[PDB]
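Q: What follows is a structure written as structure tokens; I'll ask about it next.
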2 protein chains.
Amino acid sequence: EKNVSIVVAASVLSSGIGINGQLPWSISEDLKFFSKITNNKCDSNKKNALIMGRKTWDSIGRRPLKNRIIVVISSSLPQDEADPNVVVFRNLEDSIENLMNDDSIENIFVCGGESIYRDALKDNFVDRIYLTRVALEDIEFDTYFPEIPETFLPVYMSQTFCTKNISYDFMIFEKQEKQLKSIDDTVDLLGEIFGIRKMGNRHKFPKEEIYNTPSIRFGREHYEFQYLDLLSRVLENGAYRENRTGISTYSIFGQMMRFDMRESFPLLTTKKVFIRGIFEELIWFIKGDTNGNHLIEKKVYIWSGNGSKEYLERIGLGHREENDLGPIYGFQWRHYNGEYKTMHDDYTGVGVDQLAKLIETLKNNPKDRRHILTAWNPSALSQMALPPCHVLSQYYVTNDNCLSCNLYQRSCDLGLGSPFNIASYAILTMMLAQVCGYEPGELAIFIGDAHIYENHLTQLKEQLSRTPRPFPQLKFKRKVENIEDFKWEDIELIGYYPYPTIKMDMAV
Amino acid sequence: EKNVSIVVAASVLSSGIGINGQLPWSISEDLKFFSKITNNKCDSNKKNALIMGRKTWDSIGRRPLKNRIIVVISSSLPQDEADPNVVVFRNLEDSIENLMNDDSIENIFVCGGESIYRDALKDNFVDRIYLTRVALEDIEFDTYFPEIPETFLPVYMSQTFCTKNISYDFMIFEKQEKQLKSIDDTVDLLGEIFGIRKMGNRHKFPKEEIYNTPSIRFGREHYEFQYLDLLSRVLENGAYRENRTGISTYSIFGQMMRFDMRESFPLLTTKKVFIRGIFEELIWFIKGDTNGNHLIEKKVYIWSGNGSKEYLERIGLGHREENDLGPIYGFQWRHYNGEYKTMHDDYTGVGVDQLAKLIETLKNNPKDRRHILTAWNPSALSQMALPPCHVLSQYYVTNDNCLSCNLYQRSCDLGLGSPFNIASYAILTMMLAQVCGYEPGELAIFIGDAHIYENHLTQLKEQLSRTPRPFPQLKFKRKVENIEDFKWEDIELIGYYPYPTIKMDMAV
Ligand SMILES: NC(=O)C1=CN([C@@H]2O[C@H](COP(=O)(O)OP(=O)(O)OC[C@H]3O[C@@H](n4cnc5c(N)ncnc54)[C@H](OP(=O)(O)O)[C@@H]3O)[C@@H](O)[C@H]2O)C=CC1
Ligand SMILES: NC(=O)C1=CN([C@@H]2O[C@H](COP(=O)(O)OP(=O)(O)OC[C@H]3O[C@@H](n4cnc5c(N)ncnc54)[C@H](OP(=O)(O)O)[C@@H]3O)[C@@H](O)[C@H]2O)C=CC1
Ligand SMILES: C#CCN(Cc1ccc2[nH]c(N)nc(=O)c2c1)c1ccc(C(=O)N[C@@H](CCC(=O)O)C(=O)O)cc1
Ligand SMILES: C#CCN(Cc1ccc2[nH]c(N)nc(=O)c2c1)c1ccc(C(=O)N[C@@H](CCC(=O)O)C(=O)O)cc1
Ligand SMILES: Nc1nc(=O)c2c([nH]1)NCC(CNc1ccc(C(=O)N[C@@H](CCC(=O)O)C(=O)O)cc1)=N2
Ligand SMILES: Nc1nc(=O)c2c([nH]1)NCC(CNc1ccc(C(=O)N[C@@H](CCC(=O)O)C(=O)O)cc1)=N2
Ligand SMILES: O=c1ccn([C@H]2C[C@H](O)[C@@H](COP(=O)(O)O)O2)c(=O)[nH]1
Ligand SMILES: O=c1ccn([C@H]2C[C@H](O)[C@@H](COP(=O)(O)O)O2)c(=O)[nH]1
């Protein structure tokens with residue numbers, strides 16, 4: 001037997017791979033990959049064979065590839081005994097005698113051409129596939145990688161990467177057909193004896209019917225699986241509970257998520273997110289605004305519910321204006337400990353400006369361990385339309401001049417609250433970094449009460465039924481002098497190709 | 001071939017298994033385990049031989065064990081053809097023949113007894129060794145397990161369990177002799193290509209030279225490993241960097257640790273922990289004290305350093321008395337936003353009782369998601385001997401009436417700070433529970449700057465060279481009617497057997 005792997009790079013949505021004999025994009029790390037993969041081998045005294053269509057041979061330059069043997073499939077091309085590091089065959093099946101001898105060849109890579117992929121697949125010759133998904137999708141194509149036959153299952157998806165503002169993943173479908181017992185069993189037994197008494201059982205591993213792309217067992221790199229998995233994790237152990245809202249949830253306590261911000265922008269793809277809204281709110285915070293209306297005007301309604309005459313009236317703040325939200329986030333960011341009257345007053349100069357002292361210590365003293373911004377002020381709470389969920393964040397300058405962020409969130413609405421929460425604090429960290437001359441670090445969100453509203457069940461289950469695409473890229477069209485200066489227009493969202501929106505009602 | 005595992009239960013410290021023919025303790029769950037392991041089989045038509053020395057046969061009642069076959073090793077016992085579930089052999093080596101036929105016997109267990117254990121081992125008959133460590137060392141024994149030969153390596157260790165106040169582990173030692181590549185390779189490659197651009201590379205798996213009990217790969221269940229590893233994980237990616245003191249540290253950002261409290265007390269065993277200090281400080285906080293003297297008088301000198309006049313002066317608080325630390329934790333706990341004057345004043349009635357409320361909230365509103373207690377108050381930081389390190393915590397009542405805790409720490413000194421932070425916060429929860437009538441739940445700790453001070457390495461290296469023993473148990477001797485009434489006398493620390501104490505100087 002001998003191994004056969006396809007190696008290709010297609011657009012994320014339509015699988016385009018070619019245009020007028022050329023690749024539709026130029027990503028050097030990808031070829032660097034293609035090289036490393038096609039070339040990796042055990043027997044130093046052996047070489048890998050890369051089968052490829054002629055039309056490709058032409059694009060390749062009709063010149064050999066170092067250390068390897070090119071194998072062209074053509075009907076006209078002459079079997080040239082001239083170069084020993086290339087050879088022609090009249091058809092794909094015949095070419096696949098590399099196994100049947102030529103014991104010098106260790107592995108075999110089907111190396112592309114729409115025609116040459118489709119056939120290597122139809123005739124069932126390939127075992128693995130090394131698929132590079134390129135985020136970028138709105139530009140003419142004439143060649144296309146086929147539809148990965150159902151006999152193939154994703155077993156790896158690398159983290160999203162970026163080159164020239166083009167995002168891309170490296171995932172490797174394998175075709176399957178067909179640590180020790182000791183430990184797994186000892187634990188299973190100890191699991192029966194002791195019951196809920198063994199913490200292990202309090203945290204059970206999600207069932208496959210609620211696991212997103214369950215075929216990807218050991219290589220869930222893509223940091224979207226940090227949320228899709230927390231999702232499925234409460235869906236498994238979430239304990240049913242009532243709460244103030246009137247809509248019971250399923251909740252565990254003490255979770256964590258992570259995100260890379262260097263090569264991508266953790267805007268979920270398994271569902272189309274309201275990015276603009278996410279923004280107009282985050283800026284609303286930075287400005288230190290608390291007038292719910294200033295968002296209704298830019299057509300953002302995330303803060304109507306917890307805002308209204310009726311709700312207000314109901315929680316003890318009916319003395320409040322239709323939409324005066326009291327000293328919520330922002331007022332606490334820009335005016336800590338300020339004596340709040342109404343959303344109409346001029347609060348300038350009152351209260352501690354955390355945000356400001358933050359930027360200031362950020363750039364003046366980087367390795368300081370007190371880059372904290374908080375929103376939990378006991379003295380205030382009762383006046384707020386709702387207490388702080390993202391309660392306190394802490395910011396951290398790496399040695400390589402990168403800004404990392406840590407957020408604690410007491411109550412996380414995995415359905416509606418989180419997607420926004422992950423994005424927002426990404427963006428705020430970038431703005432923060434751009435203003436202090438540093439670049440995106442990482443993102444860690446620590447949740448206390450991670451829950452799912454019972455009326456978000458059929459939805460989150462669909463979302464979990466979608467395989468993650470590459471995270472897009474977020475860019476600022478200009479550098480600003482003051483952090484409170486950004487505008488929606490100053491933002492470039494590049495390469496966002498999410499699944500359609502999933503409608504979910506809010507639990508007021 | 002055919003497997004031969006040793007099953008035994010010995011005291012943590014001296015491996016005591018015997019006393020006047022009786023097990024020196026009675027733990028049903030342990031026996032339950034034994035029954036489960038010696039019955040674990042694959043072929044419904046086969047059985048497992050359990051080998052024991054006569055002396056044990058006697059202790060077990062000379063009655064057969066359901067579903068298994070007992071093999072007694074004795075010189076005088078007759079070869080009674082009477083029972084078909086029991087049989088006698090003259091010498092161990094003999095016996096084990098078993099094997100050399102009886103395709104009926106699927107697995108073999110040496111159910112032990114000092115004389116047989118020793119001999120079973122010396123002649124290299126045993127493949128595995130299931131060992132139940134029992135946290136009670138201070139009783140007289142007369143029979144011991146032998147010393148596990150070097151040829152054996154621990155591959156698993158269970159979390160600590162508790163029965164009748166007795167703490168114990170379940171671990172399994174395997175004997176050494178001699179994922180799917182495709183991924184570990186595609187990931188290693190992308191690792192070369194991309195560099196520190198691939199997040200995975202900024203988080204690198206610790207090297208064996210610094211990994212605790214590295215033989216335990218997939219079975220690191222003990223929750224001492226939640227800290228022992230965080231340690232070995234900065235020791236790997238720890239970015240060297242300066243800070244306000246003369247001692248620099250190696251740090252990473254965004255780490256997490258988990259601890260059970262339902263069956264144990266996360267007191268580090270790898271080294272002897274000042275527990276009485278951890279306490280006195282906590283009770284100090286609870287009372288809402290800020291006079292660092294009160295700790296000195298009780299022979300607790302942790303707040304000496306950050307309290308000296310030479311220090312207070314150094315940070316611009318020279319107007320402060322010898323040890324008035326200011327509105328640090330406790331004043332923030334019991335008097336949030338209180339206008340701090342001196343440590344001798346009467347703050348009763350001033351500020352916000354967070355603790356007070358936290359309690360009335362835990363009792364009257366459990367499912368409430370705003371169970372929160374903060375110490376980070378922007379307005380007070382300035383006049384604060386040292387800013388808040390355990391910055392905020394959130395508490396959580398399970399559906400089965402257990403109290404859980406979550407802590408965000410902005411700056412964690414894994415050398416000295418963390419250890420205390422883990423305990424001091426176990427305890428506080430347990431206390432809160434005994435006062436709201438709940439039982440301990442889980443404890444999670446989300447860290448920010450996780451660092452090591454560069455003058456702790458030789459120490460933490462030592463600590464790390466030690467195999468963690470089972471966690472102790474901590475119970476209260478009386479039910480206080482008011483949280484602040486607790487006293488050290490009230491604490492019972494049962495089953496603590498930590499390795500020698502490790503000296504480490506603090507960085508003022
Ligand atoms: N994203 C990726 O990984 C890759 C993308 N691409 C893109 O796709 C394009 C290549 O696709 P495509 O144009 O289909 O070229 P192909 O890779 O399909 O090459 C097919 C060539 O092989 C010969 N051939 C086809 N069938 C047979 C047969 N049965 N027997 C003998 N010879 C045969 C043909 O020449 P003849 O008429 O002489 O038989 C033809 O020129 C390129 O433009 C490139 O941009 C290419 C490779 C990889
Ligand atoms: N904690 C735990 O998991 C366990 C603890 N224990 C404790 O340890 C003690 C074990 O008893 P101990 O006497 O030390 O050992 P055992 O009782 O296991 O075995 C000794 C008996 O086995 C026979 N025997 C063993 N080896 C030989 C041999 N080579 N040739 C002939 N006969 C042999 C002897 O019979 P004879 O003298 O007639 O030749 C002797 O009576 C028990 O008292 C028990 O309390 C026991 C099992 C498990
Ligand atoms: C988190 C957070 C901040 N907030 C503030 C906020 C206020 C009250 C809340 N109440 C409850 N029960 N859960 C919340 O998440 C929540 C969040 C948000 C509020 C609403 C939406 C929301 O309804 N999003 C919908 C609407 C999208 C659209 O308008 O097109 C969505 O599908 O994303 C998002 C964020
Ligand atoms: C954490 C925390 C609270 N605190 C307060 C506190 C204040 C400033 C700090 N500063 C730094 N750099 N690290 C700290 O751990 C630290 C801790 C502690 C302070 C000291 C010790 C300490 O010296 N422990 C020694 C002493 C043991 C003994 O003599 O009994 C130890 O080995 O355990 C522990 C806790
Ligand atoms: N995954 C993948 N990515 C691609 O860009 C790609 C692909 N597969 N399959 C075919 C193809 C088009 N043909 C070719 C032929 C040769 C090289 C090439 O440059 N090979 C060198 C790369 C060395 C480098 O880029 O540093 C090699 O090392 O083999 C690239 C594409 N391109
Ligand atoms: N590791 C270890 N732990 C033990 O507790 C232990 C051990 N090894 N080896 C021998 C032993 C004592 N042997 C036995 C044998 C039978 C019973 C019994 O009456 N019933 C069960 C024991 C546990 C249970 O109650 O289920 C049995 O297996 O026979 C008890 C102790 N106990
Ligand atoms: O930043 C935010 C805004 C609020 N919510 C969700 C969390 C809880 O579902 C919710 C309800 O409120 P509380 O009962 O926890 O206060 O709003 C978020 O998840 N994150
Ligand atoms: O609960 C505690 C008490 C303080 N420290 C240590 C952490 C740092 O070494 C120092 C905090 O000083 P800053 O550099 O973070 O301001 O004290 C702890 O680790 N944990």
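Each chain in the structure tokens gets a letter, A, B and so on, in the order shown; residues start at 1 in every chain, and ligands are counted from 1 in the order they appear.
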For chain A against chain B, which residues fall within 8 Å using only C-alpha atoms, given as a compact mmCIF listing (two decimals) with N, CA, C and O atoms, in the first residue's frame?
A:
# COMPACT_ATOMS: atom_id res chain seq x y z
N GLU A 29 2.64 32.07 2.15
CA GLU A 29 2.74 31.10 3.23
C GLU A 29 2.05 29.81 2.81
O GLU A 29 2.43 28.72 3.24
N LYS A 32 4.31 27.94 0.71
CA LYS A 32 5.34 27.49 1.63
C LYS A 32 4.82 26.21 2.30
O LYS A 32 5.58 25.29 2.59
N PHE A 33 3.50 26.17 2.53
CA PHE A 33 2.86 25.01 3.12
C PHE A 33 2.88 23.92 2.06
O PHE A 33 3.51 22.88 2.25
N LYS A 36 6.19 22.33 1.94
CA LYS A 36 6.46 21.49 3.10
C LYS A 36 5.69 20.19 3.14
O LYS A 36 6.23 19.16 3.52
N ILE A 37 4.43 20.23 2.74
CA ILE A 37 3.62 19.03 2.77
C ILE A 37 4.01 18.06 1.68
O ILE A 37 4.29 16.90 1.97
N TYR A 156 -9.35 17.96 10.99
CA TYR A 156 -8.51 19.06 11.44
C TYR A 156 -9.03 20.36 10.83
O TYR A 156 -9.66 20.33 9.78
N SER A 158 -7.17 24.21 11.10
CA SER A 158 -6.15 25.10 11.68
C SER A 158 -6.81 26.42 12.01
O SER A 158 -7.90 26.73 11.52
N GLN A 159 -6.12 27.23 12.81
CA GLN A 159 -6.65 28.54 13.18
C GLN A 159 -6.68 29.38 11.92
O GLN A 159 -5.97 29.09 10.96
N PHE A 161 -5.71 32.26 9.49
CA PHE A 161 -4.47 33.02 9.27
C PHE A 161 -4.74 34.14 8.29
O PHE A 161 -5.75 34.11 7.59
N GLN A 179 -6.27 6.71 25.93
CA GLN A 179 -4.93 6.39 25.44
C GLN A 179 -4.64 4.90 25.56
O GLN A 179 -4.17 4.27 24.62
N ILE A 183 -6.92 3.16 31.75
CA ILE A 183 -7.35 4.42 32.35
C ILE A 183 -8.81 4.78 32.05
O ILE A 183 -9.60 4.99 32.98
N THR A 186 -10.82 2.57 34.33
CA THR A 186 -10.69 2.90 35.74
C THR A 186 -11.53 4.15 36.03
O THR A 186 -12.24 4.22 37.04
N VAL A 187 -11.48 5.13 35.14
CA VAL A 187 -12.26 6.33 35.36
C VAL A 187 -13.76 6.04 35.23
O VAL A 187 -14.55 6.53 36.02
N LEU A 189 -15.30 3.31 35.90
CA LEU A 189 -15.68 2.58 37.11
C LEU A 189 -15.79 3.54 38.27
O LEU A 189 -16.80 3.57 38.97
N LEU A 190 -14.74 4.31 38.48
CA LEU A 190 -14.73 5.30 39.54
C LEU A 190 -15.89 6.27 39.33
O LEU A 190 -16.32 6.95 40.26
N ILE A 193 -19.11 4.22 40.83
CA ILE A 193 -19.02 4.19 42.29
C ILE A 193 -19.50 5.50 42.91
O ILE A 193 -20.68 5.67 43.18
N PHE A 194 -18.56 6.42 43.12
CA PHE A 194 -18.88 7.84 43.15
C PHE A 194 -19.77 8.23 41.98
O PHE A 194 -19.63 7.70 40.88
N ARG A 197 -20.51 12.82 42.71
CA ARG A 197 -19.42 13.07 43.65
C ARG A 197 -18.03 13.27 43.06
O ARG A 197 -17.12 13.74 43.75
N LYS A 198 -17.87 12.91 41.79
CA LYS A 198 -16.59 13.03 41.12
C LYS A 198 -16.78 14.22 40.18
O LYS A 198 -17.64 14.18 39.30
N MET A 199 -16.01 15.28 40.38
CA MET A 199 -16.14 16.49 39.55
C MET A 199 -16.22 16.14 38.07
O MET A 199 -16.93 16.78 37.29
N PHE A 218 -9.24 15.61 17.32
CA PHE A 218 -8.02 16.13 17.94
C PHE A 218 -7.40 17.46 17.47
O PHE A 218 -6.40 17.91 18.03
N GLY A 219 -8.01 18.07 16.46
CA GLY A 219 -7.49 19.29 15.88
C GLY A 219 -8.56 20.34 15.68
O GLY A 219 -8.75 20.85 14.57
N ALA A 239 -27.73 23.16 33.75
CA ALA A 239 -28.79 22.84 34.72
C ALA A 239 -29.94 23.84 34.57
O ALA A 239 -29.75 25.04 34.69
N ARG A 241 -32.76 26.33 35.04
CA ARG A 241 -33.02 27.30 36.09
C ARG A 241 -33.87 28.50 35.70
O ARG A 241 -33.77 29.02 34.59
N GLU A 242 -34.67 28.97 36.66
CA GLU A 242 -35.50 30.14 36.44
C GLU A 242 -34.57 31.34 36.67
O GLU A 242 -33.40 31.17 37.01
N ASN A 243 -35.04 32.54 36.36
CA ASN A 243 -34.30 33.78 36.63
C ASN A 243 -35.25 34.95 36.51
O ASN A 243 -36.43 34.76 36.19
N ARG A 244 -34.75 36.15 36.76
CA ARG A 244 -35.59 37.36 36.68
C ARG A 244 -36.38 37.54 35.36
O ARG A 244 -37.56 37.92 35.38
N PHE A 253 -21.41 27.08 35.60
CA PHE A 253 -20.69 28.18 36.20
C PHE A 253 -19.17 28.07 36.16
O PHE A 253 -18.60 27.14 36.73
N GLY A 254 -18.53 29.03 35.49
CA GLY A 254 -17.08 29.06 35.40
C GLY A 254 -16.47 28.52 34.12
O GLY A 254 -15.77 27.51 34.12
N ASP A 260 -7.63 34.57 19.04
CA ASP A 260 -6.41 35.15 18.56
C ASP A 260 -6.91 36.40 17.86
O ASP A 260 -8.01 36.38 17.31
N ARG A 262 -4.32 38.45 16.31
CA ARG A 262 -3.21 38.79 15.44
C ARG A 262 -3.49 38.52 13.97
O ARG A 262 -3.30 39.41 13.14
N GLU A 263 -3.93 37.31 13.64
CA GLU A 263 -4.20 36.98 12.25
C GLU A 263 -5.67 37.04 11.81
O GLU A 263 -5.96 36.96 10.62
N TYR A 336 -16.40 57.05 36.71
CA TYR A 336 -16.51 56.24 37.92
C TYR A 336 -16.91 57.09 39.12
O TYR A 336 -16.29 58.12 39.41
N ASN A 337 -17.96 56.67 39.82
CA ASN A 337 -18.30 57.24 41.12
C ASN A 337 -18.94 58.62 40.99
O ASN A 337 -19.08 59.34 41.98
N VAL A 352 -14.19 59.39 38.17
CA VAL A 352 -12.92 58.90 37.64
C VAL A 352 -13.06 58.47 36.18
O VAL A 352 -13.87 57.61 35.85
N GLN A 354 -11.65 56.22 34.02
CA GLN A 354 -10.84 55.01 33.90
C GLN A 354 -10.22 54.90 32.51
O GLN A 354 -9.00 54.75 32.37
N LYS A 367 4.47 47.33 31.06
CA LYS A 367 4.52 46.12 31.86
C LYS A 367 3.91 46.23 33.26
O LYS A 367 4.11 45.37 34.12
N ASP A 368 3.13 47.29 33.46
CA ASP A 368 2.45 47.52 34.73
C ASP A 368 1.40 46.41 34.82
O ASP A 368 0.88 45.95 33.80
N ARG A 369 1.10 45.97 36.03
CA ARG A 369 0.12 44.91 36.19
C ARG A 369 -1.20 45.42 36.72
O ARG A 369 -1.91 44.70 37.38
N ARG A 370 -1.52 46.68 36.42
CA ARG A 370 -2.77 47.27 36.88
C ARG A 370 -3.54 47.94 35.77
O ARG A 370 -4.12 49.00 35.97
N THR A 374 -12.94 48.79 35.19
CA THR A 374 -14.12 48.16 35.81
C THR A 374 -15.46 48.88 35.64
O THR A 374 -15.51 50.07 35.36
N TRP A 376 -18.23 47.55 37.84
CA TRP A 376 -18.99 47.12 38.99
C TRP A 376 -18.74 48.08 40.14
O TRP A 376 -17.71 48.02 40.81
N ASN A 377 -19.70 48.97 40.33
CA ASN A 377 -19.67 49.97 41.40
C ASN A 377 -20.91 49.75 42.26
O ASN A 377 -22.00 50.22 41.93
N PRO A 378 -20.75 49.03 43.38
CA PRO A 378 -21.87 48.76 44.29
C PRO A 378 -22.77 49.96 44.50
O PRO A 378 -23.97 49.88 44.27
N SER A 379 -22.19 51.07 44.94
CA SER A 379 -22.92 52.32 45.21
C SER A 379 -23.88 52.75 44.10
O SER A 379 -24.88 53.43 44.37
N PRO A 387 -27.38 45.67 35.84
CA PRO A 387 -25.99 45.57 36.28
C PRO A 387 -25.03 45.14 35.18
O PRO A 387 -25.44 44.68 34.11
N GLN A 394 -8.98 43.47 31.97
CA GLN A 394 -7.60 43.76 32.33
C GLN A 394 -6.76 43.65 31.07
O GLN A 394 -6.89 42.69 30.32
N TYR A 396 -2.96 44.05 28.81
CA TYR A 396 -1.65 43.44 29.01
C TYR A 396 -0.78 43.61 27.77
O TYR A 396 -1.09 43.08 26.71
N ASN A 399 5.69 41.47 25.07
CA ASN A 399 7.02 42.00 24.83
C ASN A 399 7.13 42.42 23.38
O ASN A 399 7.75 43.44 23.07
N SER A 404 -2.91 42.34 24.80
CA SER A 404 -3.83 41.25 25.10
C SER A 404 -4.89 41.74 26.09
O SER A 404 -4.67 42.68 26.87
N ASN A 406 -8.23 40.56 28.87
CA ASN A 406 -8.91 39.57 29.71
C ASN A 406 -10.19 40.20 30.22
O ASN A 406 -10.17 41.27 30.80
N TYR A 408 -13.72 39.39 32.53
CA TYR A 408 -14.66 38.61 33.33
C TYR A 408 -16.10 39.03 33.06
O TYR A 408 -16.42 40.22 33.08
N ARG A 410 -19.97 38.02 34.39
CA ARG A 410 -20.72 37.26 35.39
C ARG A 410 -21.88 36.47 34.80
O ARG A 410 -22.09 35.30 35.13
N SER A 411 -22.63 37.12 33.92
CA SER A 411 -23.76 36.48 33.29
C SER A 411 -23.60 36.60 31.78
O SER A 411 -23.61 37.70 31.24
N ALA A 444 -9.16 36.68 26.04
CA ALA A 444 -9.64 35.64 26.94
C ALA A 444 -10.88 36.12 27.66
O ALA A 444 -10.85 37.13 28.37
N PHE A 446 -13.64 35.12 30.43
CA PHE A 446 -13.93 34.21 31.52
C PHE A 446 -15.35 34.44 31.97
O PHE A 446 -15.68 35.51 32.47
N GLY A 448 -18.80 33.44 34.27
CA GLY A 448 -19.25 32.85 35.51
C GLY A 448 -20.49 32.03 35.21
O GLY A 448 -20.42 30.81 35.14
N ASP A 449 -21.62 32.70 35.00
CA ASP A 449 -22.87 32.00 34.72
C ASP A 449 -23.12 31.90 33.22
O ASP A 449 -23.83 32.73 32.66
Q: If you run DSSP on the backbone, which residues of segment 244-440 of chain A are strand (DSSP E or B), as a ChimeraX atom specification?
A: /A:249-260,291,324,336,352,372-374,390-397,402-413,439-440
Q: Taking only C-alpha atoms and all ligand atoms into account, which residues are within 9 Å of ligand 5, as a ChimeraX atom specification?
A: /A:6-10,17-18,22-23,25-39,52,56-61,64-68,110-113,130-133,170
Q: For segment 464-481 of chain B, work out the shell of residues within 9 Å, counting only C-alpha atoms and skipping chain neighbours fewer than 6 positions away, then give it as a ChimeraX atom specification.
A: /B:12-13,133-135,159-162,165-169,210-213,222-225,228-229,231-232,261,263-271,427,430-431,434-435,489-499
Q: Keeping only C-alpha atoms, write those residues as a compact mmCIF listing (two decimals), in the first residue's frame.
A:
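Just written: selection_19.txt:
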# COMPACT_ATOMS: atom_id res chain seq x y z
CA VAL B 12 -0.03 7.68 51.73
CA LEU B 13 3.16 7.90 53.70
CA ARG B 133 -3.59 5.97 48.53
CA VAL B 134 -5.18 6.62 51.92
CA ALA B 135 -4.62 9.91 53.65
CA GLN B 159 -8.95 13.45 42.15
CA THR B 160 -8.92 13.29 45.92
CA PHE B 161 -12.04 11.66 47.39
CA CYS B 162 -13.42 11.79 50.95
CA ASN B 165 -13.30 12.50 56.76
CA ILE B 166 -10.62 10.24 55.31
CA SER B 167 -9.06 11.63 52.12
CA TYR B 168 -7.83 9.25 49.41
CA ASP B 169 -6.69 8.91 45.76
CA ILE B 210 9.77 20.87 33.99
CA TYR B 211 6.57 18.81 33.82
CA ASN B 212 5.45 17.25 37.14
CA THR B 213 5.22 13.44 37.15
CA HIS B 222 -5.70 15.22 40.66
CA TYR B 223 -6.46 18.92 41.06
CA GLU B 224 -3.07 19.79 42.48
CA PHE B 225 -2.15 19.50 38.80
CA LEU B 228 1.46 22.46 39.29
CA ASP B 229 0.96 22.71 35.55
CA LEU B 231 3.56 26.60 36.98
CA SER B 232 5.33 24.44 34.43
CA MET B 261 -14.21 21.27 47.38
CA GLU B 263 -14.66 15.93 48.54
CA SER B 264 -11.42 17.78 49.47
CA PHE B 265 -9.63 21.03 50.35
CA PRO B 266 -7.23 22.46 47.77
CA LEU B 267 -4.32 22.76 50.15
CA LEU B 268 -1.19 22.16 48.08
CA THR B 269 0.48 18.93 49.19
CA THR B 270 3.72 19.32 47.19
CA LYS B 271 4.85 21.71 49.93
CA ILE B 427 -12.23 28.56 53.06
CA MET B 430 -16.99 27.07 52.76
CA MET B 431 -17.64 29.69 55.44
CA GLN B 434 -22.04 27.12 56.38
CA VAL B 435 -23.75 30.45 56.94
CA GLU B 489 -9.60 27.05 66.99
CA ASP B 490 -12.75 26.28 65.01
CA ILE B 491 -10.78 24.65 62.20
CA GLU B 492 -10.10 20.94 61.83
CA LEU B 493 -7.52 20.12 59.12
CA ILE B 494 -7.78 16.34 58.82
CA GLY B 495 -5.40 14.31 56.68
CA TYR B 496 -2.65 16.74 55.74
CA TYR B 497 0.67 15.16 54.75
CA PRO B 498 2.55 17.78 52.63
CA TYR B 499 6.17 17.41 51.51
Q: What separation in Å, quoted to one decimal, exists between atom CA of residue 71 of chain B and atom CA of residue 175 of chain B?
A: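 Pair atom CA of residue 71 of chain B / atom CA of residue 175 of chain B returns 23.7 Å.
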Q: Taking only C-alpha atoms and all ligand atoms into account, which residues are within 8 Å of ligand 4, as a PyMOL selection string?
A: chain B and resi 245+273-274+277-278+281+300-303+305-306+386+412-421+453+501-508
Q: Which polymer residues have any atom within 9 Å of an atom of residue 16 of chain B, counting only C-alpha atoms, with same-chain residues fewer than 5 positions away left out, as a list in words?
A: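 Residues near the query, excluding close chain neighbours: residues 9, 10, 11, 24, 137, 139, 140, 141, 142, 143, 144 and 145 of chain B.
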Q: So, with only C-alpha atoms as the atoms that count, which of B:150, B:94, B:83, B:102 lies closest to residue 121 of chain B?
A: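 Closest to residue 121 of chain B, using only C-alpha atoms: B:150.
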Q: Nearest to ligand 2 among B:423, B:120, B:457, B:86, with distances taken over only C-alpha atoms and all ligand atoms: which residue is it?
A: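 Of B:423, B:120, B:457, B:86, the one nearest ligand 2 is B:120, counting only C-alpha atoms and all ligand atoms.
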Q: Would you mind writing down, as a VMD selection string, each residue of segment 249-423 of chain A that DSSP on the backbone assigns to alpha helix (DSSP H)?
A: chain A and resid 275 to 287 293 to 296 309 to 315 331 to 334 354 to 364 378 to 381 417 to 423
Q: Calculated over only C-alpha atoms, which of the candidates A:309, A:297, A:304, A:288 has the smallest distance to residue 343 of chain A?
A: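 When distances to residue 343 of chain A are compared using only C-alpha atoms, the smallest one comes from A:288.
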Q: From the options B:115, B:14, B:237, B:48, which residue's atoms come nearest to ligand 2, counting only C-alpha atoms and all ligand atoms?
A: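 Ranked by minimum distance to ligand 2, first place goes to B:115.
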Q: Using only C-alpha atoms and all ligand atoms, can you tell me which of A:402, A:334, A:292, A:439 comes closest to ligand 3?
A: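 Nearest candidate to ligand 3 out of A:402, A:334, A:292, A:439: A:292.
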